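In what follows, chains are A, B, ... by sequence order, proteins preceding strands, each numbered from 1.
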Amino acid sequence: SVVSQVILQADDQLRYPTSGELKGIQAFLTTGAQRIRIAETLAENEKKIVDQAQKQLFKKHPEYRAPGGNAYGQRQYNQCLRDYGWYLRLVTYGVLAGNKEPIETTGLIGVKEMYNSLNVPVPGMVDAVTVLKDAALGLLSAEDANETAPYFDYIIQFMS
Amino acid sequence: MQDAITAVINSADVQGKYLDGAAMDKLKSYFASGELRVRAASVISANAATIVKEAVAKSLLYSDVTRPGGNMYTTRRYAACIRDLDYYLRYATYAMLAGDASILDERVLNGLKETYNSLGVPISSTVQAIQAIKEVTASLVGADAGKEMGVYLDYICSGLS
Amino acid sequence: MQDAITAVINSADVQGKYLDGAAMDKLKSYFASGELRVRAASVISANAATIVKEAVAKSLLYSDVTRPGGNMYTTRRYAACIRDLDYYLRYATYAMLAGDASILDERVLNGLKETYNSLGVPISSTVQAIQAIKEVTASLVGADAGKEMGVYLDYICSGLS
Amino acid sequence: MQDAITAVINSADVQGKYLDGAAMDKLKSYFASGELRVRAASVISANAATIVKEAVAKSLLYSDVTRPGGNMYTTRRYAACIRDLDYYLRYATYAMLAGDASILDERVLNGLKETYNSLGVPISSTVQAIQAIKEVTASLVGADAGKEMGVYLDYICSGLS
Amino acid sequence: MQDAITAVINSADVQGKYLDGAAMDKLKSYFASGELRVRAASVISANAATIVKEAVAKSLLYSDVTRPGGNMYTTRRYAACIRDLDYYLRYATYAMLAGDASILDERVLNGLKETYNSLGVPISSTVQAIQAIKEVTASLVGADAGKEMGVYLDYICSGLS
Amino acid sequence: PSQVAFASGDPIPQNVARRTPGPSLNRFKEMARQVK
Amino acid sequence: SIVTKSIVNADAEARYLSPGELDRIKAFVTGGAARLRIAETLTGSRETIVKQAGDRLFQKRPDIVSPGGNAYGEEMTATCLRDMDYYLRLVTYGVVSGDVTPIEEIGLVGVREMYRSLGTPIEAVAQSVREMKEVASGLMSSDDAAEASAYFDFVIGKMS
Amino acid sequence: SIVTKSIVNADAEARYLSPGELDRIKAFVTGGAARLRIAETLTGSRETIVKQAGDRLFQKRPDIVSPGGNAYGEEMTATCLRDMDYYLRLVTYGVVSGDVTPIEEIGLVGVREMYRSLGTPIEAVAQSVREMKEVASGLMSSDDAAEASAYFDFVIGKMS
Amino acid sequence: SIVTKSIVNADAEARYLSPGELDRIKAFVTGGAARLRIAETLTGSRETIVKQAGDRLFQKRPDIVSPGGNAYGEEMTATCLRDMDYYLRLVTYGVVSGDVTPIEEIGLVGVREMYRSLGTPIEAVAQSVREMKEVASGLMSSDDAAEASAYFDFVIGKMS
Amino acid sequence: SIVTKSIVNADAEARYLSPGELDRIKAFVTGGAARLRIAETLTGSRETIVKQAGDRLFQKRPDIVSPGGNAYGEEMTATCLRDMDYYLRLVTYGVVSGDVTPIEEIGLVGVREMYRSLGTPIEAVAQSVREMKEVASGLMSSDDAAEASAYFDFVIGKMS
Amino acid sequence: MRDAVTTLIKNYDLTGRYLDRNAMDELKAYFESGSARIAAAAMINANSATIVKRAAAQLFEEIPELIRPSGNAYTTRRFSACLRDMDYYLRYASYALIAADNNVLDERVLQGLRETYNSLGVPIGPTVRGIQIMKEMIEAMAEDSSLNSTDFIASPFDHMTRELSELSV
Amino acid sequence: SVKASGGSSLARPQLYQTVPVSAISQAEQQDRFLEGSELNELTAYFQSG
Ligand SMILES: *[C@@H](C)[C@H]1/C(=C/c2[nH]c(/C=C3N=C(/C=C4\NC(=O)C(CC)=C4C)C(C)=C\3CCC(=O)O)c(CCC(=O)O)c2C)NC(=O)[C@@H]1C
Ligand SMILES: *[C@H](C)[C@H]1/C(=C/c2[nH]c(/C=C3N=C(/C=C4\NC(=O)C(CC)=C4C)C(C)=C\3CCC(=O)O)c(CCC(=O)O)c2C)NC(=O)[C@@H]1C
Ligand SMILES: *[C@H](C)[C@H]1/C(=C/c2[nH]c(/C=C3N=C(/C=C4\NC(=O)C(CC)=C4C)C(C)=C\3CCC(=O)O)c(CCC(=O)O)c2C)NC(=O)[C@@H]1C
Ligand SMILES: *[C@H](C)[C@H]1/C(=C/c2[nH]c(/C=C3N=C(/C=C4\NC(=O)C(CC)=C4C)C(C)=C\3CCC(=O)O)c(CCC(=O)O)c2C)NC(=O)[C@@H]1C
Ligand SMILES: *[C@H](C)[C@H]1/C(=C/c2[nH]c(/C=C3N=C(/C=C4\NC(=O)C(CC)=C4C)C(C)=C\3CCC(=O)O)c(CCC(=O)O)c2C)NC(=O)[C@@H]1C
Ligand SMILES: *[C@H](C)[C@H]1/C(=C/c2[nH]c(/C=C3N=C(/C=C4\NC(=O)C(CC)=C4C)C(C)=C\3CCC(=O)O)c(CCC(=O)O)c2C)NC(=O)[C@@H]1C
Ligand SMILES: *[C@H](C)[C@H]1/C(=C/c2[nH]c(/C=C3N=C(/C=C4\NC(=O)C(CC)=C4C)C(C)=C\3CCC(=O)O)c(CCC(=O)O)c2C)NC(=O)[C@@H]1C
Ligand SMILES: *[C@H](C)[C@H]1/C(=C/c2[nH]c(/C=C3N=C(/C=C4\NC(=O)C(CC)=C4C)C(C)=C\3CCC(=O)O)c(CCC(=O)O)c2C)NC(=O)[C@@H]1C
């Protein structure tokens, strides 16, 4: 969390946490209620988002279902849906935490070579995360979309 | 030295292209500011000596700097301090006319700290003298052109920092 | 580094001959002055911070340098100046105990002028601070040990200048 | 500066002896290899503009260095680069005539590195230009004369690097 | 560092064409001379100590360099000079097997003038030392292989001079 | 035993092309075409 | 500054700016008006804070102004008031900047050995900062008093 | 520019700007719209002035495009037209700045040494810029083409 | 010497010399008459120890002067006795300094690689300094022989 | 001790002790009897030395026994006299050992943190040790007090 | 590393002055521009990879000799190094847009860039050409998007262009 | 512009590795002559060249 980042900076510089970062924890505690609301609505309405994202990706990129790809079987189809569900799940996790560090410890560090070893295209997945962003921000309300957009946006940035 | 027009021309020439619309906009903005810059330069050029007089009376006079044992004590050092404040006022007028601090980088701040440290010139006292020049010029010209002059006077101070 | 003993040994060694009587008189003078050097170094090591305190109070306090815009304005830069004076006093005691100014030219001076020029440190004012250190040390320790310390303090000043 | 003969004379002088047999053999080697140096210097003095023109065509023309933004862009910078290459070719001819690269240290390489780093001159681009000079003069002047010219131009490149 | 193959292939890649008529000749000369250069380097690596043994016996011993007051007087300075001649022999073998002096430019000649002029090493004396190494290797490994070593050895001499 | 001389031997002359205007001057090249 | 810390923390991990530190930056921006109000109050009342705090300090600790004290004499008393004015100006800088980094960089590094070389009791200077905190807390509202006393207590911690 | 030239002259005389110099700068900033209209005219007709002037130069001095000439061939002709366009851009910069200093710092100092290194006929480049002046005066009005022709004639005088 | 060593150690520890070194410096200063007496005795008899030690070494080890030996030759023997005079001079330097640091900095570091690049037997050089030690102990009194012979067999132990 | 730090230096240089160092051990052994009778004399006079030190401290700096001082009360003055007696015992250990290593490794590393935590006036403790110096030089002979005053000056310099 | 509030504090601290009405006006201007700066930086984070790809494509079609032999975008190693340099420029431009100060650009971009590019032969003209191409495409994208204030976006790129650029006149 | 310069010394990055550069640098970083390993390296490469 941002509390964890502030407390690690305090332990790094060998002193108690300071005024501005304590106001940062206070601002986090004020916005945590709407963060919990975002987590609740995304968890209850994840299914339409993952379905719309998978049809949008697989009509934008006609090569994984085509010969010469990697998503032929239903087990690979369910694996791609599982990757979508885990990515949206980790985004809700980081929205609850207030920042990126749970996603960095769960689904970011080593993701490029992780999918190079499994031959899944990284630009294909940045297109996947952008169309999943389009689905989620279309489903979610306006200032809520503005609040939750930089988490997805950092996901596309860290992927590529 | 570079003014605003020469800075735009230098940027476009290193780009290698002709002047696009952003160059037109920056040139028109400089021409909009130019009449205020010329009026301020004319007023400062008329009142060149009185600004230095008021700044010296405000900041340096009747102090340990001008008392015996001070670096403004001996009258050749006093006249040198007067000429230094004329330098700062004239080059700040140049920088305000140009819309740029390039002349301050090339001719004023070039080795000035080493020069003053070799001479024994008081750095914070001449910083307060330039500050007094800034206040007198802001009182004498106005808020807008005084602020514009104070930008380059603070640039001279931060170079002396 | 070289003390007086290593200095006369290397001076004999470069021309390759043994110790003569005139080289032995150098050791006679050094062993005559050795216990004076020992007691002077003991006194200065006892009162190391006190000399720097009275030197800054005598020369540098209430001058331009501590005022805002000066080189000793911030507390970090004041602590750095106190650190530099501690360096100068400790290495001057080292050179006084060695009886040869090799440690000063090897570890204090060969690279300090351009460092101070890059930092903007006033060399004339820190030379005056070292002179204040010399005056306070000569008051504290005595005449002969005071001028013996002052020889290497002037060596530091000459290396800085 | 010194040539091979002057280097032999200075070495024997600081040794304090007359010319022994090895010095005579080195002198005989230089006296044998002098005529090819003479005719090589005649050829280079004949075509001295042509190596510079052709090598600039070999390495620097229609590239980023002469393109807008590059360091050889404007006509004053082009003339400065042509002047620098003329200096390199003339001093390499001098070093080839002397049979020693001491003139390159005394005249060329004593301040050229810091001069170019102050000027912002691309040392890599000058290295490619001097290698082009080397290739053109090796095509023009012969095999062993081209080898000697390449040795002194690689000395210029090693001084730049 | 880079070798002859890298120099050829970089020239070809900068030109953007294939290996048409002269790159093939350079590479076939390189691959032809390679095995005998490897044999020569094998002999030099086997007899590396003895080359500097009678090289220093022929060049530097029984001189004022080795006498008191000389730069090769003490045992530490002697061992450092022996290690430097070993460095010169090893990097000359490196440049011979590479077919280019880029290893000498990148690991030897980049700071050799700096360290020798700062320390006080006699340039003429170490040039005579590398010349002694050249004639010793020419005697010990053959005339043509010794000359192939000697072109890089007197490249190092020209870099020193 | 005489074939060791790679660097000591006769150096081989090189075929380096003189640098030509590239595609940064495409408009000037087609301008020269249509002017002729 | 807060913006300085966020950009530095992003650049140390070589990424762009994360959503958590962007939220902390916009919290800093929204609190800028309140911080400017607090700093304007302090710089408007800068003379009476120094006057009243110096009076309370010299009444509570008469030893430092007694003969043999460090601040005995008119010039030393004026220099002590100048030091209190310096620290009040640093407090205004910290309130403007939103954290304690200008205070720490300008006037809290080497203060211990600085005042040790001066011969000045560092706990008495901390008491002077405490009286400045009390006067400044009395001259504003409660939340503004807490916000300014955060920086004041940072100066207390670094000087004691 | 005229401002930099006046500042350089007043600095060499160690004085402020003259009232006549200030009146010239006022006239310059009022005529800014007209001179930037000349600038946009030249950028509109950049490819036609060089075209007609190169045609006139090639029909006037056919030794330029003859075999053995400096500009013999397609690519050398293209380089000659590129140098022509460079000088047109420098004239545009000069009429914008109101001074010949941006012209002369880029394309007139060392031009003789550059063109004797390249073998190029300097008087033929001067004739090329003369033809550019005539084409610009053709597709420009009277007084403004006289204004641009002042800077063009400076190029002619400093080159030839 | 011990002065140089103590000053260098205190400079490494960034502190003044403690009185536990100051008493050492003043006692080493007061006890210098014996060391200068040893040094003047050695430099008064300096050639005689070289003569006797060379005679005893060439008697004890005939293979030094044998054909095929390292010192086979007139200038070989001359430089051999010159090295013996060198090491006697270094012993007098160590006696003067009261420490073995001049002997280390002149003629102990690199001795092994030096004599391998000379071909000279290091154990025979050690034997030479040994016969130096017995000749000096024969011609100078007992405790004086102990003080000089300590430096002598330190040189022997550094050789072999 | 000086012998154990000579062992430390010889182990750091990976060698046996130099003959100068054995001469230092010689001088240490010969001065041991005089240093031991110095230590015996002052530990015989260990009581009145600290009583007069406490009374002289009370006359020098009277705010310690005043209300508001650290040593207000009979048990507080008893603990102050106990601390002074313990520092006197450290002077005994230093004079016995021959170096300032026992004072450094018992009661001089962390003395600043110790007395800053305790609130003790460190300059007043330095004044107490200075009064101990005065009364010790009063009841001690000239060379003996000169030998003890070097260790006393080390205590003053490192503690004050 | 200094932002606008930090450099204003340093400028006033050098003179030993309290924050006057001009200083509070500058701080108010920064704090009212800060929302637009944050929105612009979030936009920069959004289209960063696509903007560096299309800016590199526009640069290499404007100056085609870079991707040809003897150019410094020739190999894919040189190509990826150029993309990394352009991404570095965009990242520090985002940092300077948030900070409202070019001191981050001075401290961390420009103080050794001429030295590195002259050491490795990397051109300094197409570099600032690509930087300005990034500036034009980002300014056009911000004009397309719902950004009320877009005047501050050109300042870090123009500072990079002026500081890294060579003095032609 | 920039107010200081660290100096632009010439940098020579290795564009690609060839096996003579590999063996020579391999023993050069280990501060030794090419022993029999690097000799067999260059021998096999010069035979296949
Ligand atoms: C005989 C060669 C001459 C001589 C030489 C001499 N050299 C040194 C010391 C040094 N030499 C170097 C040089 C290099 N180190 C490297 O790694 C390389 C590239 C492979 C080179 C060229 C250096 C760095 C030193 C100093 C430290 C070291 O030993 O490496 C000395 C000693 C100087 C001293 O006083 O300590 C000497 C004497 N001296 C002569 O008289 C011959 C002409
Ligand atoms: C008296 C004969 C006339 C006169 C005097 C007057 N002087 C001043 C102010 C200053 N004069 C000096 C001059 C010197 N400083 C030096 O060190 C020396 C030589 C040793 C000289 C001559 C200075 C420095 C001042 C400034 C005072 C200060 O210390 O700051 C004034 C005051 C002007 C004002 O407006 O304050 C006056 C009135 N005036 C006359 O009418 C007499 C002819
Ligand atoms: C055309 C009117 C005549 C002509 C021209 C010609 N020029 C060149 C080569 C070059 N000209 C320049 C000049 C400039 N560069 C600048 O940046 C400026 C100021 C803006 C000027 C004036 C340069 C640098 C070159 C070198 C080419 C390059 O950029 O790499 C040529 C080519 C000659 C060759 O390639 O060897 C020609 C043909 N020649 C004529 O006969 C016309 C009279
Ligand atoms: C040409 C190969 C490349 C290059 C050259 C270039 N050099 C300069 C400017 C200067 N060069 C020198 C160097 C010297 N000083 C000496 O004493 C000698 C001979 C022993 C030399 C060679 C100096 C002093 C200057 C400064 C001249 C001046 O004040 O203008 C420039 C000009 C840079 C400018 O800003 O004007 C250039 C372009 N740069 C390249 O890109 C070519 C590859
Ligand atoms: C007052 C709260 C206490 C105190 C003060 C006191 N201070 C001094 C002298 C100096 N203090 C400083 C410190 C600073 N300079 C700076 O620029 C800053 C940060 C902005 C600080 C903290 C300095 C430099 C001095 C020296 C004066 C000079 O300008 O040269 C004194 C005088 C000591 C003397 O012997 O002269 C005093 C008395 N003393 C107290 O008892 C109060 C607790
Ligand atoms: C004699 C005890 C043994 C012996 C000697 C021998 N030495 C040499 C040659 C040299 N020895 C040195 C040694 C030093 N010079 C110094 O300045 C110092 C430090 C003080 C030392 C240790 C040197 C430099 C030489 C070279 C001669 C010169 O001065 O230039 C030789 C000659 C070997 C040769 O090949 O010429 C000999 C024979 N040999 C023995 O067997 C005895 C054990
Ligand atoms: C598709 C069947 C073929 C193809 C087309 C294509 N290539 C590019 C652009 C580039 N090609 C490269 C390739 C290389 N770099 C190297 O160092 C090597 C040798 C190993 C190669 C082959 C690069 C770096 C580029 C980008 C630079 C450029 O624009 O030239 C394009 C253009 C893409 C665009 O305009 O955005 C196209 C259409 N490449 C293939 O490999 C197939 C043969
Ligand atoms: C792309 C716009 C241009 C280009 C780029 C290019 N750069 C390099 C190599 C380096 N670039 C840097 C620069 C930086 N280091 C930093 O830390 C920062 C700021 C955060 C910068 C801007 C450095 C240090 C290098 C060297 C090693 C590295 O890549 O880190 C290359 C490679 C050249 C080579 O041969 O190795 C290239 C190609 N080249 C162009 O032509 C474009 C104009």
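Within the 3.5 Å criterion, the main-chain N or O of H:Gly31 finds a donor-acceptor partner in the side chain of H:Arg35. Here the side chain of H:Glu21 pairs a donor or acceptor atom with the backbone of H:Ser18 at under 3.5 angstrom. Of the possible donor and acceptor atoms, none in the side chain of K:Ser33 sits under 3.5 Å from a partner among the backbone N and O of K:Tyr30. Under a 3.5 Å cut-off, the side chain of C:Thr66 and the backbone N or O of C:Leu61 do not form any donor-acceptor pair. Between the side chain of K:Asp20 and the backbone N or O of K:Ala23, at least one donor-acceptor pair lies under 3.5 Å.
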>> side-chain contact (heavy atoms from CB on, under 4.5 Å), that's the test. Do D:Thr74 and H:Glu105 meet it? Break it down for me.
In response: CA-CA 8 Å; D:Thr74 68; H:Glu105 290 289 327; over 6 Å; no
>> Could you walk me through whether B:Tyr94 and B:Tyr91 satisfy the ring pair (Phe, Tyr, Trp, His ring centres under 6.0 Å) test, starting with their C-alpha distance in whole Å, then the side-chain angles of each, then the deciding distance to 0.1 Å, before giving a yes or no?
In response: CA-CA 5 Å; B:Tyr94 289 157; B:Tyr91 277 92; 5.5 Å; yes
>> H:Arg89 vs H:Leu42, test: side-chain contact (heavy atoms from CB on, under 4.5 Å). Steps then yes/no.
In response: CA-CA 8 Å; H:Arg89 213 190 54 203; H:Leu42 289 196; over 6 Å; no
>> C:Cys81 vs C:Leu60, test: side-chain contact (heavy atoms from CB on, under 4.5 Å). Steps then yes/no.
In response: CA-CA 10 Å; C:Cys81 185; C:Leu60 293 179; 4.0 Å; yes
> Checking side chain to side chain donor-acceptor pair (under 3.5 Å) for the pair B:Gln131/B:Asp154: CA distance, chi angles, key distance, verdict?
Replying inline: CA-CA 8 Å; B:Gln131 279 297 310; B:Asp154 284 4; 3.2 Å; yes
>> As a quick check of understanding, evaluate side-chain contact (heavy atoms from CB on, under 4.5 Å) for K:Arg114 and L:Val2, giving each step before the final call.
In response: CA-CA 9 Å; K:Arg114 188 174 295 275; L:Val2 190; over 6 Å; no
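Applying the 6.0 Å contact sphere to NZ of B:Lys113 captures more than 12 heavy atoms from other residues, nucleotides or ligands. For H:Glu40, the CD atom counts as densely surrounded, since its 6.0 Å shell holds more than 12 non-hydrogen atoms of other residues, nucleotides or ligands. Remark: G:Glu75 CD is loosely packed, at most 12 non-hydrogen atoms of other residues, nucleotides or ligands lying under 6.0 Å away. Other residues, nucleotides and ligands place no more than 12 heavy atoms under 6.0 Å from the CZ atom of H:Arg24. More than 12 heavy-atom neighbours from other residues, nucleotides or ligands sit within 6.0 angstrom of CZ on B:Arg77.
Remark: C:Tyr116 engages C:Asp84, C:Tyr88 in a side chain to side chain donor-acceptor pair (under 3.5 Å) (not counting sequence neighbours). For H:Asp153, the side chain to side chain donor-acceptor pair (under 3.5 Å) criterion is met by H:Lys133, H:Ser149, not counting sequence neighbours. G:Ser97 is linked by a side chain to side chain donor-acceptor pair (under 3.5 Å) to G:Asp99, counting only residues two or more places apart in sequence or in another chain. With sequence neighbours excluded, no residue satisfies salt bridge (charged side-chain N to carboxylate O under 4.0 Å, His left out) with K:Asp25. Not counting sequence neighbours, B:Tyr78 has no partner by the ring-ring contact (aromatic ring centres under 6.0 Å, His included) test. Taking B:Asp105 as the reference, nothing meets the salt bridge (charged side-chain N to carboxylate O under 4.0 Å, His left out) condition, with sequence neighbours excluded. Under the salt bridge (charged side-chain N to carboxylate O under 4.0 Å, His left out) criterion, H:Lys158 pairs with H:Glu104, sequence neighbours left out. Judged as a side chain to side chain donor-acceptor pair (under 3.5 Å), and not counting sequence neighbours, the contacts of K:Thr161 are K:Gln132. By the salt bridge (charged side-chain N to carboxylate O under 4.0 Å, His left out) test, C:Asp64 pairs with C:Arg67, sequence neighbours left out.
If you check the side chains of H:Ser1 and H:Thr4, you find a donor sitting under 3.5 Å from an acceptor. Of the N and O atoms on the side chains of H:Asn9 and H:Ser6, not one donor lies less than 3.5 Å from an acceptor on the other residue. Between the side chains of B:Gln2 and B:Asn10, at least one donor N or O sits under 3.5 Å from an acceptor N or O. With hydrogens and angles left out, the side-chain atoms of K:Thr15 and K:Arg17 include a donor and acceptor closer than 3.5 Å. Under the 3.5 Å distance criterion, with hydrogens and angles disregarded, no donor-acceptor pair is assigned to the side chains of H:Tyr16 and B:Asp86. In summary, the side chains of B:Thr115 and B:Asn117 do not present any donor paired with an acceptor at a separation below 3.5 Å, with no hydrogens or angles considered.
Side-chain contact between H:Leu17 and H:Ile25 is present, with at least one heavy-atom pair separated by less than 4.5 Å. Taking 4.5 Å as the limit, every side-chain heavy atom of B:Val151 sits out of range of all side-chain heavy atoms of B:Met96. By the 4.5 Å heavy-atom criterion applied to side chains, G:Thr43 and K:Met24 are counted as neighbours. Looking only at side-chain heavy atoms (C-beta outward), K:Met160 and K:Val128 stay at 4.5 Å or farther from each other. No side-chain heavy atom of B:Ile123 sits less than 4.5 Å from a side-chain heavy atom of C:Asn71. With contacts defined as side-chain heavy-atom distances shorter than 4.5 Å, the pair B:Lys28/H:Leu36 does not qualify. Inter-residue side-chain proximity for B:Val43 and B:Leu140 is flagged as met; some heavy-atom pair is nearer than 4.5 Å. G:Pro102 is not listed as a side-chain neighbour of G:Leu90, based on a closest heavy-atom distance of 4.5 Å or more.
One finds the CG atom of B:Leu153 at 7.5 Å from the CG atom of B:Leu89 (value rounded to the nearest 0.5 Å). Distance check: H:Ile2 CD1 to H:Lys5 NZ gives 9.0 Å after rounding to the nearest 0.5 Å. Within the model, atoms CD of K:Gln111 and OG of L:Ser5 stand 11.0 Å from one another, a figure rounded to the nearest 0.5 Å. Going from atom CD1 of B:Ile130 over to atom CG of B:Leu85 covers 7.0 Å, rounded to the nearest 0.5 Å.
The list of salt bridge (charged side-chain N to carboxylate O under 4.0 Å, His left out) pairs with a residue in residues 37-48 of chain B, not counting sequence neighbours, reads B:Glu35-B:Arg39, B:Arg37-B:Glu148. Pairs of residues two or more places apart, or lying in two chains, that qualify as ring-ring contact (aromatic ring centres under 6.0 Å, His included) and include a residue from residues 30-74 of chain B are B:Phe31-H:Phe28. Within the structure, every pair that satisfies the salt bridge (charged side-chain N to carboxylate O under 4.0 Å, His left out) test and touches residues 44-61 of chain B, not counting sequence neighbours, is listed here: B:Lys58-B:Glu135.
Of the candidates K:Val104, K:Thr6, K:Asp101, K:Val104 is the only one forming a side chain to side chain contact (heavy atoms under 4.5 Å, CB included) with K:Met1.
A salt bridge links H:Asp11 with B:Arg107: the distance from a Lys NZ or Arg NE/NH1/NH2 to an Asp or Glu carboxylate oxygen falls below 4.0 Å. The existence of a salt bridge linking K:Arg162 and B:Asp100 is confirmed by a sub-4.0 Å separation between a basic side-chain nitrogen and an acidic carboxylate oxygen. Residues B:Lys147 and K:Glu26 are not paired through a salt bridge, judged by the lack of any N-O separation under 4.0 Å between the basic side chain and the carboxylate.
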